[PDB]
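Q: The structure is given below, and queries will be raised subsequently.
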Amino acid sequence: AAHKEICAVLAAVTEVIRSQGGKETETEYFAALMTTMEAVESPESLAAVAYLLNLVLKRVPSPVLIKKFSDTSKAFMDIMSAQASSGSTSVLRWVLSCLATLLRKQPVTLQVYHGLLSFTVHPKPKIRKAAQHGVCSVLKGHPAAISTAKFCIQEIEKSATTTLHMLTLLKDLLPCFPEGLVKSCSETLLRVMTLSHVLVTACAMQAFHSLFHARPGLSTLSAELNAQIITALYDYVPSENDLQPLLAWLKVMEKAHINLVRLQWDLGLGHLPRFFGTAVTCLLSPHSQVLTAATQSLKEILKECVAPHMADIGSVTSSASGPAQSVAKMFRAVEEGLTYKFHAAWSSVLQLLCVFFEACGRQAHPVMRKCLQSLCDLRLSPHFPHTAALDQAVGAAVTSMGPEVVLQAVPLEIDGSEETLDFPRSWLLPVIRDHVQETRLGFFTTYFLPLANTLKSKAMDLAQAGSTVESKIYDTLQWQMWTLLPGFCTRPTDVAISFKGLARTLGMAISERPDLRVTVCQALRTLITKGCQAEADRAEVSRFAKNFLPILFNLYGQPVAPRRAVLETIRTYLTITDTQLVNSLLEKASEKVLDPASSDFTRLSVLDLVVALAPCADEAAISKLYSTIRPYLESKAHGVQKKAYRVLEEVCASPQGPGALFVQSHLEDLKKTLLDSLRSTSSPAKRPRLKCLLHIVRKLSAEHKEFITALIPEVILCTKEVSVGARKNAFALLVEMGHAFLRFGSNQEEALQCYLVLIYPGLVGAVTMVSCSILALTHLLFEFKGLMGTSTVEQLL
Amino acid sequence: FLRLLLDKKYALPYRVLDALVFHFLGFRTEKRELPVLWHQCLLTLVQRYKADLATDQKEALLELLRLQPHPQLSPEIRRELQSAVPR
Amino acid sequence: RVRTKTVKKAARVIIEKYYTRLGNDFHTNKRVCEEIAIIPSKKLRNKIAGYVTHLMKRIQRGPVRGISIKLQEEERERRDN
RNA sequence: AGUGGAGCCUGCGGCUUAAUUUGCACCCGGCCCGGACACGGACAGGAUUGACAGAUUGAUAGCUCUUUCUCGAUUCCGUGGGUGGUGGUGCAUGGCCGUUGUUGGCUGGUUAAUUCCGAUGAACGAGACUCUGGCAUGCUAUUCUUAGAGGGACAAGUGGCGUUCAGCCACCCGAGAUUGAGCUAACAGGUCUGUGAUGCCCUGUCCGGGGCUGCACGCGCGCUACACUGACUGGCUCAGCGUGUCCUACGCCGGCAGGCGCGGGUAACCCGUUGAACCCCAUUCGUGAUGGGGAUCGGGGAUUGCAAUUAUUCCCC
């Protein structure tokens with residue numbers, strides 16, 4: 001009942017009682033209670049003052065502590081001597097605690113440290129735990145490390161239940177030790193590994209874990225000493241399947257090998273292949289946890305200890321000498337781990353091969369093909385459950401290795417005329433489709449163009465000969481291997497020289513080959529989306545855009561077709577092209593629209609091309625286009641008005657460039673036109689127009705309130721428009737428009753009150769517009785939540 | 001407890017009877033549905049101590065019967081009140 | 001929109017019996033949906049067409065060996081009758 | 001291949017028995033308590049309550065048999081074909097559970113160990129039911145009004161996030177990428193102290209001992225054998241399904257049942273490379289109710305349990 005009180009020692013003693021007399025802190029209380037700690041051995045009152053001085057002592061009286069450390073120390077030695085002669089627990093525990101505080105804050109100091117250290121092997125748990133935590137706090141808060149390390153070594157050498165306590169001591173104190181004492185302790189823990197007891201083994205592996213986990217410097221652990229620990233600790237390998245010490249063994253090996261690689265990378269990579277061989281050998285254990293631990297261990301070692309230093313290693317062949325030969329041994333071990341003897345860990349082994357592919361395929365390509373052939377042979381099993389894992393492995397191998405080297409290793413047997421029709425390597429084309437990202441395009445040309453032409457001709461010849469079964473198979477084959485082009489256009493390295501060899505091919509395949517067209521369009525888009533990083537590449541793409549653009553325009557404008565993919569390709573491929581040909585095509589499209597001898601479908605297609613060409617032109621072309629499209633906003637055709645409003649939205653969409661300059665030059669004319677054409681706007685045309693209005697809100701000046709208060713009812717009636725897109729646009733326009741009133745005045749709340757009282761009459765008129773205005777207030781209430789002012793909200797409620 | 005202690009049939013003191021009739025007058029204008037056992041308690045009281053009830057107590061229990069009736073046991077209380085010989 | 005059971009099981013069986021006559025785009029899927037199955041509900045026919053378009057854009061990216069043996073099995077079943 | 005033959009064991013009948021329970025229920029003894037209503041009796045001359053000691057008892061005991069000390073209306077005797085209440089049971093009956101997503105947040109002793117016991121919070125969202133609209137310059141008596149049918153939209157396409165598949169977001173086109181109508185509910189699982197002067201039918205606990213097939217017989221499952229394709233003795237060499245904080249390794253003692261100590265195993269880790277039996281090899285036995293066959297008996301030792309007697313079980317002769 002009294003411990004939980006705020007006035008008790010739980011909270012307030014730690015805060016306000018440390019200020020002894022108003023100033024923190026004074027040890028005059030401590031020095032005044034000497035008459036209680038002398039000649040009085042009463043329990044439960046010594047404990048209380050000991051607890052109080054333990055809590056008070058932490059608030060740094062450091063120069064006073066340095067001065068009267070002798071007084072405190074002699075007081076403490078008489079306290080421990082009297083209490084050890086008496087045999088109590090609580091008073092000893094907090095006098096150990098205040099020893100910890102005093103020695104952390106600060107010849108006789110070694111004596112105080114020895115007195116604190118000597119009570120650790122005391123059989124009472126409360127004395128021992130407090131002594132352990134105190135020594136840990138003193139050392140980590142060092143000239144006293146040698147003494148406590150020698151004490152621990154002699155305590156082990158003299159000695160069966162205190163060994164685990166002082167192994168926990170060594171576990172918590174190994175990083176803060178000098179190198180010779182670390183070597184002596186390593187010898188001592190190996191000497192206790194000479195025994196067969198399990199708990200001492202687990203605690204010594206935990207000590208080695210805490211040593212290798214902290215990543216010690218050169219003064220604590222050297223590379224030679226780490227190598228000696230690694231080679232000396234190989235002697236145990238408990239049996240194969242113990243599962244309690246094996247995980248700790250693998251754990252200290254990964255941490256020791258990581259530290260060895262961090263100290264000296266060539267020596268660590270030299271010692272690693274034996275560790276990989278032992279890991280592969282212990283993958284035969286029947287326990288799944290050993291498999292998971294080994295998988296994670298070898299994966300993280302390959303990710304952190306091998307991959308960043310692989311570029312320094314360079315290319316490796318079959319006749320390597322240095323660490324490249326070590327990498328060859330690494331791969332030899334993990335490839336010998338692909339045999340039949342596992343047959344249950346093949347998912348983990350395939351994960352290891354996949355991460356090794358991703359780490360080192362590009363620099364290990366000469367020697368790394370035999371395992372590719374072996375895993376190709378593994379997929380020929382009648383019932384393989386790791387088909388997805390094997391496919392991911394081949395995908396990583398294609399990504400890093402490159403499909404040219406893979407096809408040198410495992411060639412496709414679909415080269416022209418086959419006697420059978422049961423393709424055993426038909427998964428390679430989906431793998432190459434899914435996982436080519438960084439391979440040269442010239443390989444794709446010189447290997448996949450004539451083969452595609454011959455198989456397509458063979459499919460046509462078999463279709464015209466009556467056989468409709470094999471022809472469909474060959475058509476599916478060729479259509480799948482034409483989908484490799486988006487993969488090869490991901491990050492090409494020679495697209496500055498190899499794109500010239502595919503320009504006319506892609507032109508004819510997009511003109512008179514419909515079955516490829518979408519993919520070709522996608523390929524083009526995919527290329528742009530990650531291929532215009534350099535400048536010569538973009539120059540080549542523009543130089544061929546001057547040829548592709550009439551072809552794409554004629555493809556989109558033809559009567560009936562994948563018009564939307566062509567439209568998206570045209571949009572991006574016009575955003576990456578030069579402005580003069582944009583102006584020329586804009587002139588041609590304006591001539592085609594203004595020509596009265598064109599059909600309605602052709603007119604709408606050329607208006608879509610005008611929509612595409614609008615944001616990429618200069619200010620004069622955009623201005624003359626706006627002058628041409630301005631009478632079209634009052635047209636009775638809903639499609640023409642919709643395309644006109646989409647043009648006005650697209651030219652106002654650019655935040656910078658000629659479009660923004662055009663808007664800044666023609667804002668008044670745009671406002672008058674949009675207010676005049678408000679009376680004659682069709683129902684679909686509301687959906688783009690609001691966005692156009694949105695595109696002139698977020699830079700609207702302060703002298704434009706009449707335009708906004710004229711636009712209010714249109715925005716509300718579009719918040720309850722038929723189309724959900726128009727509703728979303730009107731809601732976003734309301735949010736941005738309320739944001740626009742957050743810039744016209746100093747008081748945000750008053751401005752939003754004005755914005756509300758501009759829309760408050762909407763709760764008065766016709767039933768449908770009342771519902772419209774309630775929906776508008778519902779949307780506005782969720783965005784500017786507190787800024788309306790709750791009482792006003794209450795009135796609305 | 002009321003029903004069984006009235007079934008004890010002891011010589012009832014009259015302050016006790018005043019307390020009981022004061023309790024039943026306390027149950028005058030309540031609209032809660034009284035149980036069948038409430039009417040059983042009333043029946044036991046008017047069976048045992050009908051002679052010790054004065055005329056005003058008789059009529060007071062009469063409008064207590066009127067406002068809080070029972071389709072089954074109220075006529076029994078009616079005939080016990082109407083055939084009661086006072087002291 | 002979430003998916004049901006009947007549309008997709010009907011799509012699965014209609015592929016398992018007539019995978020040869022399907023196409024790649026939505027309109028050909030619609031056309032084979034009228035000309036193969038009666039499908040009195042127009043909503044169900046539209047959903048079947050959408051899911052079979054999803055199936056044709058999904059399975060055509062896979063291995064060709066399974067497609068080839070499935071065409072052999074379908075041609076054998078057609079020739080047997 | 002047998003069973004039906006023989007010995008033993010067991011299941012139904014039957015026979016004995018106090019009981020040999022039945023389709024711990026059984027038996028032999030000893031405790032505890034067992035309405036009010038009506039009427040007639042005793043009752044402050046005292047109704048009735050508690051009690052030491054001794055004894056009866058297989059044992060002790062104010063729960064009994066003596067001897068008087070106390071408490072006093074808190075009462076106790078008898079007769080009713082009169083109800084009945086700590087009763088059992090069904091119905092209507094009111095409340096209450098479970099049922100048909102998402103993101104956060106240490107005084108004490110004790111152990112190898114942040115080991116053990118011991119004191120000791122928040123928000124966000126929520127029809128996958130049926131029908132169906134926008135646009136038709138199309139068919140029908142038809143671009144402006146009609147009303148039948150046929151189309152059209154299905155997340156179909158794009159880019160991101162995604163277990164790379166379910167799904168999510170945004171966008172182009174498109175009239176339509178979701179606008180309108182109808183549908184909470186349900187308890188054969190129930191629960192919780194309330195309502196009907198609710199229908200019915202009546203007015204045991206603990207303790208000690210025994211028995212639980214005791215055996216003339218009838219009807220049936222089984223085990224072991226009637227031997228030479230065998231019994232004894234030694235040697236040799238092979239499993240599998242499972243289980244285990246009672247399975248057990250190992251060392252010592254005893255000839256054997258078995259004791260003592262010290263380890264492993266919460267388990268493909270230890271028993272356990274499960275060193276099994278038939279079988280194989282070698283010895284003795286010689287057609288003899290015999291070295292085949294083992295029942296029933298006499299003595300001794302050990303183990304499990306409060307307890308082994310009517311033999312719990314095991315070992316030896």
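Q: Translational diffusion coefficient, Stokes-Einstein: compute it for region A:400-519 using the Kirkwood radius over C-alpha pairs as Rh, at 10 °C and 1.306 mPa s, and state it as an integer in µm² s⁻¹.
A: 105
Q: Step by step: find N for region A:678-772, compute 2.2 N^0.38 Å, then divide the Cα radius of gyration by it. What's the final number?
A: Numbers: Rg = 13.2 Å, N = 95, 2.2 N^0.38 = 12.4 Å.
With N residues counted in region A:678-772, Rg over 2.2 N^0.38 Å equals 1.06.
Q: What is the distance in Å between the Cα centres of region B:25-80 and region A:781-797?
A: Computed from Cα coordinates, the inter-centre distance equals 62 Å.
Q: Whole-Hz ³J(HN,Hα) for each residue in region A:500-509, computed from phi via Karplus 6.51 cos²θ - 1.76 cosθ + 1.60 with θ = phi - 60°, x for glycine and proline: what do you get?
A: Listing the rounded values in order: 5, x, 10, 5, 6, 5, 5, x, 6, 6 Hz.
Q: Hey, if you put +1 on the Cβ of every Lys and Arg and -1 on every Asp and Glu Cβ in chain A, which of A:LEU352, A:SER791, A:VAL252 ends up farthest toward the positive end of that dipole?
A: The residue sitting most towards the positive pole is A:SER791.
Q: Determine the calculated [θ] at 222 nm for chain A from helices alone, applying -39500 (n - 2.57) to every DSSP H run no shorter than 4 residues and normalising by the residue count; nearest 500 deg cm²/dmol.
A: That calculation yields -21000 deg cm²/dmol at 222 nm.
Q: Enter the Cα centre distance for the pair region A:737-764 and region A:610-626, rounded to the nearest angstrom.
A: 35
Q: Still on this structure, I have one more. Using the Kirkwood radius over Cα pairs, work out the Stokes-Einstein diffusion coefficient for region A:594-682 at 37 °C and 0.692 mPa s, in µm²/s as a whole number. Kindly include the intermediate steps, with their values, before the conclusion.
A: Numbers: Rh = 13.3 Å.
It comes out at roughly 246 µm²/s.
Q: So, with +1 on the Cβ of K and R and -1 on the Cβ of D and E, and no other charges, what is the size of the charge dipole of region C:1-60 about its Cα centre, to the nearest 20 debye?
A: Details: 16 positive and 4 negative charges, 76 e Å.
Here region C:1-60 has a charge dipole of around 360 debye.
Q: Sequence-distant or interchain residues sharing an amide H contact under 5 Å with A:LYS58, placed H: which?
A: Distant-sequence amide H within range of A:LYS58: zero hits.
Q: Step through the residues of region A:481-490 one at a time and calculate ³J(HN,Hα) from phi using the Karplus curve (6.51 cos²θ - 1.76 cosθ + 1.60, θ = phi - 60°), rounding each to whole Hz and writing x for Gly and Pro.
A: Coupling constants for region A:481-490: 7, 7, 7, 6, 4, x, x, 6, 8, 6 Hz.
Q: Hey, could you get me the Stokes-Einstein D for region A:93-237, Kirkwood radius over alpha-carbon pairs, 4 °C and 1.567 mPa s, rounded to whole µm² s⁻¹?
A: Working: Rh = 15.7 Å.
Stokes-Einstein gives a translational diffusion coefficient of 82 µm²/s.
Q: Taking the beta-carbon count within 10 Å as an exposure proxy, list C:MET56, A:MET737, A:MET508 from fewest neighbours to most. Show your work: numbers first, answer last.
A: Values: C:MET56 18, A:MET737 22, A:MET508 11.
Arranged by neighbour count, lowest to highest, C:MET56, A:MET737, A:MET508 become A:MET508, C:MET56, A:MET737.
Q: What would the Debye equation give as log₁₀ I(q)/I(0) for region A:386-444 at q = 0.12, 0.14, 0.17, 0.29 Å⁻¹, counting only Cα atoms as equal point scatterers?
A: Treating every Cα as an identical point scatterer, log10 I(q)/I(0) equals -0.30, -0.40, -0.58, -1.28.
Q: Still on this structure, please answer the following. Compute from the Cα atoms of region C:1-60 the Rg and the Dmax, the latter being the longest Cα-Cα distance, and quote both in angstrom.
A: For region C:1-60, the Cα radius of gyration and maximum Cα-Cα distance read 10.4, 29 Å.
Q: For chain B, just the Cα atoms, rotate onto the principal axes and tell me the three extents in Å, largest first.
A: 32, 26, 22
Q: Output wanted: per-residue J couplings in Hz (rounded whole) for region A:674-690, from phi through Karplus 6.51 cos²θ - 1.76 cosθ + 1.60, θ = phi - 60°, x for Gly and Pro.
A: The phi angles translate into 6, 6, 6, 8, 5, 6, 10, 9, 7, 5, x, 5, 5, 5, x, 4, 4 Hz.
Q: Between A:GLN20 and residues 5 or more places away or on another chain, which pairs have amide H atoms under 5 Å apart, with H built 1.01 Å from N, and which residues are they?
A: Amide H to amide H, under 5 Å and 5 or more residues apart or across chains, A:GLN20 pairs with A:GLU26.
Q: A follow-up question, please. Where does region A:677-726 land on the Kirkwood hydrodynamic radius, alpha-carbon pairs, in angstrom? Could the numbers behind the result be given before it?
A: On the way: mean 1/r = 0.0865 Å⁻¹.
Computed over region A:677-726, the radius equals 11.6 Å.
Q: Looking only at Cα atoms, what is the convex hull volume of region A:260-368 per residue, in Å³? Numbers along the way, then the final one.
A: Numbers: hull volume 9.7 nm³, N = 109.
Spread over its residues, the Cα hull of region A:260-368 gives 89 Å³ apiece.
Q: For region A:173-198 and region A:314-377, what is the centre-to-centre distance using only Cα atoms, to the nearest Å?
A: 36
Q: How compact and how long is region A:320-423, expressed as Rg and Dmax of its alpha-carbon atoms in Å?
A: Answer for region A:320-423, Rg first and Dmax second: 14.4, 48 Å.
Q: Right, something else. To one decimal place, what Kirkwood hydrodynamic radius in Å is obtained for region A:1-104 from all pairs of distinct Cα atoms?
A: On the way: mean 1/r = 0.0696 Å⁻¹.
That comes to 14.4 Å for region A:1-104.
Q: Sorted from largest down, what three extents in whole angstroms do the Cα atoms of the protein assembly as shown have along their principal axes?
A: 116, 109, 78
Q: Here's something else I'd like to know. Which value results when the Cα radius of gyration for region A:422-492 is divided by 2.2 N^0.38 Å?
A: Values: Rg = 13.3 Å, N = 71, 2.2 N^0.38 = 11.1 Å.
Rg over 2.2 N^0.38 Å, computed on Cα atoms: 1.20.
Q: Choose one of A:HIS343, A:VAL280, A:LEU53: the residue whose Cα lies farthest towards the positive end of the charge dipole of chain A (beta-carbon charges +1 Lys, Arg; -1 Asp, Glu; about the Cα centre).
A: Value computed over the given set: A:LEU53.
Note: ideal-geometry Cβ built from the backbone for every residue, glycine included; neighbour counts use all protein chains shown. Taken together, the values in this text are just the output of simple stated rules run on the coordinates, not laboratory data.
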